[PDB]
2 protein chains.
Amino acid sequence: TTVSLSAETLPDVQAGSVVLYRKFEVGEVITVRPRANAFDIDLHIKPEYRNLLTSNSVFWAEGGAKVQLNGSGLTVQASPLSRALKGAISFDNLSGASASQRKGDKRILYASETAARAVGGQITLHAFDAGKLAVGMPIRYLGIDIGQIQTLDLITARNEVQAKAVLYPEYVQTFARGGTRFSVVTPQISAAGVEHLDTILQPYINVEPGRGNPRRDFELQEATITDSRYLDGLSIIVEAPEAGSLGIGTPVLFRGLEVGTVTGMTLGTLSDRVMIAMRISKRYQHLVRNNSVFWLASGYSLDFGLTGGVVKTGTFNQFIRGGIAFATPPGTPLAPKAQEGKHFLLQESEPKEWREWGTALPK
Amino acid sequence: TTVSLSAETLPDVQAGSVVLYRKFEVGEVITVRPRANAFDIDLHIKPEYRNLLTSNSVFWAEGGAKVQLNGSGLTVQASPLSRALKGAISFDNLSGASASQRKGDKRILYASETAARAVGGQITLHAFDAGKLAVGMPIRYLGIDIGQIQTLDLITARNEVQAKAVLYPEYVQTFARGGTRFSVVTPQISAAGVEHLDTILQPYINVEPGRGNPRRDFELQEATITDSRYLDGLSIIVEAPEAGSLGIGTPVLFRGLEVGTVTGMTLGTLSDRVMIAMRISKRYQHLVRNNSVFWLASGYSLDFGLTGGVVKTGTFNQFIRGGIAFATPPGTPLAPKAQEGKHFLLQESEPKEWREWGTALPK
């Protein structure tokens, strides 16, 4: 016996199994020494490698012939029978696993490789409905996998679901800094068209980063659409009497070109006006001014003629998601740029002069 | 022979098979001693572990090489040939299995691990149609698996299907308290759009908890939509001459923002008015008052013009699910909050002054 182990549950571990290292075989498991409360596992490694063995090492266990799918994959490694018959143990060093050996007496055998990387990077979410969440669900940023949900805990004292997820140690300091918005993505089949196609197969969690204190306690927000594409933009609040056909994902239009989208919809402080939160992209941030009137351009408007009736149908997005359109009135002194927070007043009718304005906006 | 067993049916059990413990091998099955009415099974365990053996232990049997799917999973454990050739027996302790040994002479071998946890947590449902139910169908609360249907019994004396399901022992006391609404979920493809996407693959049973006496005898209600999202809200009853386009899932609107949904539709006590049951969310509970007139806002309304005709089409939800909209008339003494049960009278026309009311509702 060269290095011992401890664990609470031993589903896979079988005596006589082979010790792996980077999916390569060195060492041997010899003894499962049982206890009533917490079982003990003993390992043999060679006398040269135990000098190479570091106190910053973690041991993770896996067992059985695993065919992994992982999209379009089936391959099984060059494997001995000792994994095929008995539950194996692999190991590797990492940087900051010294704290797991400072606490307790001996090392712990993690149930898989995922729980072996769950030191320091483990965060906790709070969701009202775990109908979209799943164990093994990846947390993605810009479509790059930076984390994974590993468990789901239901609480009936406070009726909500605590999902504890992990982050990889490169991104544990960059993310989880407070003001971080975790949001699931999901397919939508409704009056609003769908943009997410892969989420029918495998849903993930989009994330917005933030800056501040390392909180590591988060709330899962609703399924948001604006956050993924239109980011780090100029946030504009517009007040309206009605909602109308507006919604999350409704485009903001300038001469028919989509310059931004609506982030969210909320009642006002006093319940007389709804506020519609939108973001304009950085390339189009300079377009809005302090004198930039909005108007609701939602759905089809056509004029009847008595002698003869001229009609036109664009089949545009504002039928499905009724957009807000704007233009700047002409002024030879130009009003300054819009601030990070500014309240606009929506006009109910489209002002007729908007074709003939022609306000020069440079850069 | 160290511990014996009894069972009625013996599909899997084969003599010479290995005894498991937490999917780890200790002990050995030696003898299948037959009888005409109820067969006897005998087990060998080591003399150290039989002192460790507790009277609160259950034995469950499983047999054959089982590849489990469980979503995106295929893995087979580190297994001996003794499971691969012969039907094995695993065991574990639990808290309150002493009552199974108080009754009868010896322990019973359950047919699987699911029936071994079916002590005390076993409830009974009564459904009119078992077309949605299935054996192994999970009972979920907030998307967390808290139970499982294990059998289906058809009765032709009273033409209905008794489905006996289990609950895990953490949730047997919290749930099954009477006033508990069990409801299946199912995909819908109709005039009303679908919200449930996973239920095409695997349907489950949503559940509302209750408080009272431990009944453990329940009735399976219809497929409800309002219960999952809008919960613990202010229940409001509105009386109308017609149903119209209303239904379960029809949103309640305040200035175009969805504040609540319709729970169910029922004829009145005297068959002259239908009552429409709705719930308003806790964040929007303070919006309704004792003077809050409703009106039916269902589908598209547009005005014809003779010289020129102004038309607008929102493509809103009230075409698909015709919503009820409200606003509060102005009064310098404010009427109090709506009670837990209060009957409103629906107005057939939209009152024109509703834009210019502007009633101040604080908090």
# chains A, B, ... in the order shown; residues from 1 in each chain; ligands from 1
$ interface_residues --of "chain A" --to "chain B" --cutoff "7 Å" --atoms "only C-alpha atoms" --output "MDAnalysis selection string"
chainID A and resid 10:12 63:66 84:87 129:131 154 190 242:245 270:272 298:306 319:320 322
$ select_by_dssp --residues "segment 33-131 of chain B" --states "helix (DSSP H, G or I)" --output "compact mmCIF listing (two decimals) with N, CA, C and O atoms, in the first residue's frame"
# COMPACT_ATOMS: atom_id res chain seq x y z
N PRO B 47 -19.51 -13.95 8.38
CA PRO B 47 -19.83 -13.77 9.80
C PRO B 47 -19.56 -12.38 10.36
O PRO B 47 -20.14 -12.01 11.38
N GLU B 48 -18.67 -11.60 9.73
CA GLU B 48 -18.48 -10.22 10.17
C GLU B 48 -19.64 -9.34 9.74
O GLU B 48 -20.08 -8.47 10.50
N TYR B 49 -20.15 -9.54 8.53
CA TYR B 49 -21.19 -8.67 8.00
C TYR B 49 -22.57 -9.01 8.55
O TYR B 49 -23.46 -8.15 8.52
N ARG B 50 -22.77 -10.23 9.05
CA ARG B 50 -24.07 -10.56 9.64
C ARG B 50 -24.24 -9.90 11.00
O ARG B 50 -25.38 -9.67 11.43
N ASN B 51 -23.14 -9.59 11.69
CA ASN B 51 -23.22 -8.70 12.84
C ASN B 51 -23.52 -7.28 12.39
O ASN B 51 -24.23 -6.54 13.08
N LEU B 52 -22.98 -6.89 11.23
CA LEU B 52 -23.27 -5.59 10.64
C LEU B 52 -24.67 -5.56 10.04
O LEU B 52 -25.23 -4.47 9.84
N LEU B 81 -19.25 -12.10 -14.02
CA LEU B 81 -20.09 -12.99 -14.80
C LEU B 81 -21.27 -13.51 -14.00
O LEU B 81 -22.27 -13.92 -14.60
N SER B 82 -21.18 -13.49 -12.67
CA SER B 82 -22.23 -14.04 -11.82
C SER B 82 -23.51 -13.23 -11.91
O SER B 82 -24.59 -13.79 -11.70
N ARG B 83 -23.43 -11.93 -12.20
CA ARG B 83 -24.63 -11.21 -12.59
C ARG B 83 -24.97 -11.46 -14.05
O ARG B 83 -26.14 -11.56 -14.42
N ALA B 84 -23.94 -11.57 -14.90
CA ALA B 84 -24.15 -11.72 -16.33
C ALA B 84 -24.78 -13.07 -16.68
O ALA B 84 -25.49 -13.18 -17.68
N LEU B 85 -24.53 -14.10 -15.87
CA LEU B 85 -25.12 -15.41 -16.09
C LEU B 85 -26.33 -15.67 -15.19
O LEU B 85 -27.29 -16.32 -15.62
N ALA B 99 -41.33 -2.58 9.93
CA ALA B 99 -42.71 -3.05 9.88
C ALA B 99 -42.87 -4.24 8.94
O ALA B 99 -43.78 -5.06 9.12
N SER B 100 -42.00 -4.36 7.93
CA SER B 100 -42.05 -5.52 7.04
C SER B 100 -41.55 -6.79 7.72
O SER B 100 -41.92 -7.89 7.29
N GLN B 101 -40.73 -6.67 8.77
CA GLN B 101 -40.27 -7.82 9.52
C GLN B 101 -41.16 -8.12 10.72
O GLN B 101 -41.19 -9.27 11.19
N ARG B 102 -41.90 -7.12 11.22
CA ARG B 102 -42.90 -7.37 12.26
C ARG B 102 -44.01 -8.26 11.72
O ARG B 102 -44.44 -9.21 12.39
N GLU B 113 -35.45 -2.76 -7.21
CA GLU B 113 -35.13 -1.73 -6.22
C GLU B 113 -36.30 -0.78 -6.02
O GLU B 113 -36.43 -0.19 -4.94
N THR B 114 -37.15 -0.62 -7.03
CA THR B 114 -38.28 0.30 -6.93
C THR B 114 -39.32 -0.22 -5.95
O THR B 114 -39.86 0.54 -5.14
N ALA B 115 -39.62 -1.52 -6.00
CA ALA B 115 -40.57 -2.10 -5.06
C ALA B 115 -39.98 -2.24 -3.66
O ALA B 115 -40.75 -2.39 -2.70
N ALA B 116 -38.66 -2.19 -3.51
CA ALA B 116 -38.06 -2.23 -2.18
C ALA B 116 -38.22 -0.91 -1.45
O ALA B 116 -38.23 -0.89 -0.22
$ closest_residue --among "A:180, A:173, A:112, A:261" --to "residue 231 of chain A" --atoms "only C-alpha atoms"
A:261
$ residues_around --residues "residue 219 of chain A" --least-positions-apart "5" --cutoff "8 Å" --atoms "only C-alpha atoms" --output "VMD selection string"
chain A and resid 125 to 127 181 to 182
$ write_last_selection --atoms "N, CA, C and O atoms" --output "mmCIF file, in the first residue's frame"
data_model
loop_
_atom_site.group_PDB
_atom_site.id
_atom_site.type_symbol
_atom_site.label_atom_id
_atom_site.label_comp_id
_atom_site.auth_asym_id
_atom_site.auth_seq_id
_atom_site.Cartn_x
_atom_site.Cartn_y
_atom_site.Cartn_z
ATOM 1 N N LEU A 125 -27.162 27.737 -7.956
ATOM 2 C CA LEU A 125 -28.224 28.495 -8.594
ATOM 3 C C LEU A 125 -29.516 28.328 -7.807
ATOM 4 O O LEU A 125 -29.648 27.432 -6.973
ATOM 5 N N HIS A 126 -30.469 29.217 -8.068
ATOM 6 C CA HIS A 126 -31.798 29.145 -7.470
ATOM 7 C C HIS A 126 -32.820 29.361 -8.574
ATOM 8 O O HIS A 126 -32.962 30.478 -9.078
ATOM 9 N N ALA A 127 -33.526 28.305 -8.950
ATOM 10 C CA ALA A 127 -34.535 28.382 -9.991
ATOM 11 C C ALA A 127 -35.913 28.100 -9.411
ATOM 12 O O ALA A 127 -36.058 27.311 -8.475
ATOM 13 N N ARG A 181 -25.710 37.136 -14.938
ATOM 14 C CA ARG A 181 -27.057 36.697 -15.274
ATOM 15 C C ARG A 181 -26.983 35.324 -15.928
ATOM 16 O O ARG A 181 -26.527 35.198 -17.067
ATOM 17 N N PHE A 182 -27.433 34.301 -15.210
ATOM 18 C CA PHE A 182 -27.577 32.969 -15.775
ATOM 19 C C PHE A 182 -28.982 32.816 -16.334
ATOM 20 O O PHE A 182 -29.962 33.146 -15.660
#
$ atom_distance --atom1 "atom CA of residue 28 of chain B" --atom2 "atom CA of residue 43 of chain B"
6.1 Å
$ residues_around --residues "residue 237 of chain B" --least-positions-apart "5" --cutoff "8 Å" --atoms "only C-alpha atoms" --output "NGL selection string"
:B and (275-278 or 341-344)
$ write_last_selection --atoms "C-alpha atoms" --output "JSON list (two decimals), in the first residue's frame"
[["chain", "number", "residue", "atom", "x", "y", "z"],
["B", 275, "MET", "CA", -67.85, 31.66, -14.07],
["B", 276, "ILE", "CA", -64.26, 32.06, -15.24],
["B", 277, "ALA", "CA", -61.68, 31.25, -12.57],
["B", 278, "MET", "CA", -58.42, 33.19, -12.80],
["B", 341, "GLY", "CA", -62.99, 34.96, -3.30],
["B", 342, "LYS", "CA", -64.86, 37.77, -5.03],
["B", 343, "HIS", "CA", -67.26, 37.77, -7.98],
["B", 344, "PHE", "CA", -66.76, 40.37, -10.71]]
$ closest_residue --among "B:269, B:90, B:226, B:148" --to "residue 249 of chain B" --atoms "only C-alpha atoms"
B:226
$ select_by_dssp --residues "segment 92-306 of chain A" --states "strand (DSSP E or B)" --output "PyMOL selection string"
chain A and resi 92-93+108-110+122-127+138-141+144-155+160-167+181-184+205-208+220-221+234-240+251-254+257-267+274-280+289+293-296
$ residues_around --residues "residue 15 of chain B" --least-positions-apart "5" --cutoff "8 Å" --atoms "only C-alpha atoms" --output "tab-separated table (two decimals) with N, CA, C and O atoms, in the first residue's frame"
chain	number	residue	atom	x	y	z
B	29	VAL	N	-25.49	-16.24	-2.97
B	29	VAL	CA	-26.72	-17.02	-2.96
B	29	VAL	C	-26.35	-18.49	-3.15
B	29	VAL	O	-25.52	-18.82	-4.00
B	30	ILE	N	-26.96	-19.37	-2.35
B	30	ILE	CA	-26.61	-20.78	-2.36
B	30	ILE	C	-27.77	-21.67	-2.79
B	30	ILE	O	-27.57	-22.65	-3.51
B	31	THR	N	-29.00	-21.36	-2.36
B	31	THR	CA	-30.07	-22.34	-2.44
B	31	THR	C	-31.39	-21.68	-2.80
B	31	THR	O	-31.79	-20.70	-2.16
B	32	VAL	N	-32.06	-22.21	-3.82
B	32	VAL	CA	-33.45	-21.91	-4.11
B	32	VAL	C	-34.24	-23.13	-3.65
B	32	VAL	O	-34.30	-24.15	-4.34
B	86	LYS	N	-26.31	-15.17	-13.95
B	86	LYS	CA	-27.29	-15.53	-12.94
B	86	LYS	C	-27.91	-14.27	-12.32
B	86	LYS	O	-27.29	-13.20	-12.32
$ decode --residues "segment 234-269 of chain B" --atoms "C-alpha atoms" --output "mmCIF file, in the first residue's frame"
data_model
loop_
_atom_site.group_PDB
_atom_site.id
_atom_site.type_symbol
_atom_site.label_atom_id
_atom_site.label_comp_id
_atom_site.auth_asym_id
_atom_site.auth_seq_id
_atom_site.Cartn_x
_atom_site.Cartn_y
_atom_site.Cartn_z
ATOM 1 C CA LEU B 234 -54.996 35.649 -5.812
ATOM 2 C CA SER B 235 -57.989 33.651 -7.051
ATOM 3 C CA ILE B 236 -60.621 35.823 -8.752
ATOM 4 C CA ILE B 237 -63.987 34.700 -10.140
ATOM 5 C CA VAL B 238 -65.561 36.671 -12.992
ATOM 6 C CA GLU B 239 -69.079 36.007 -14.281
ATOM 7 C CA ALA B 240 -69.885 36.327 -17.976
ATOM 8 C CA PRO B 241 -72.930 35.714 -20.191
ATOM 9 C CA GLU B 242 -70.957 33.627 -22.693
ATOM 10 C CA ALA B 243 -67.746 31.707 -22.679
ATOM 11 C CA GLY B 244 -66.655 33.126 -25.995
ATOM 12 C CA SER B 245 -63.078 32.339 -26.908
ATOM 13 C CA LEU B 246 -61.998 31.888 -23.279
ATOM 14 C CA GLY B 247 -60.277 28.756 -22.047
ATOM 15 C CA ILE B 248 -57.732 27.274 -19.687
ATOM 16 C CA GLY B 249 -54.526 29.242 -20.198
ATOM 17 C CA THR B 250 -56.160 32.454 -21.388
ATOM 18 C CA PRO B 251 -54.050 35.387 -20.147
ATOM 19 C CA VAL B 252 -55.334 38.251 -18.012
ATOM 20 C CA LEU B 253 -54.044 41.571 -19.309
ATOM 21 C CA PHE B 254 -53.247 44.938 -17.724
ATOM 22 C CA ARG B 255 -52.275 47.569 -20.334
ATOM 23 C CA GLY B 256 -51.179 44.684 -22.548
ATOM 24 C CA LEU B 257 -48.926 43.071 -19.933
ATOM 25 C CA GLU B 258 -49.874 39.545 -18.878
ATOM 26 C CA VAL B 259 -50.610 39.643 -15.148
ATOM 27 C CA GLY B 260 -52.402 36.305 -14.750
ATOM 28 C CA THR B 261 -54.166 33.424 -16.450
ATOM 29 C CA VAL B 262 -57.514 31.644 -16.384
ATOM 30 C CA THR B 263 -57.509 28.512 -14.230
ATOM 31 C CA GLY B 264 -60.763 26.840 -15.264
ATOM 32 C CA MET B 265 -64.243 27.364 -16.650
ATOM 33 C CA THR B 266 -67.436 26.183 -14.970
ATOM 34 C CA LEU B 267 -71.166 26.795 -15.278
ATOM 35 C CA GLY B 268 -72.710 28.779 -12.451
ATOM 36 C CA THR B 269 -74.928 27.573 -9.640
#
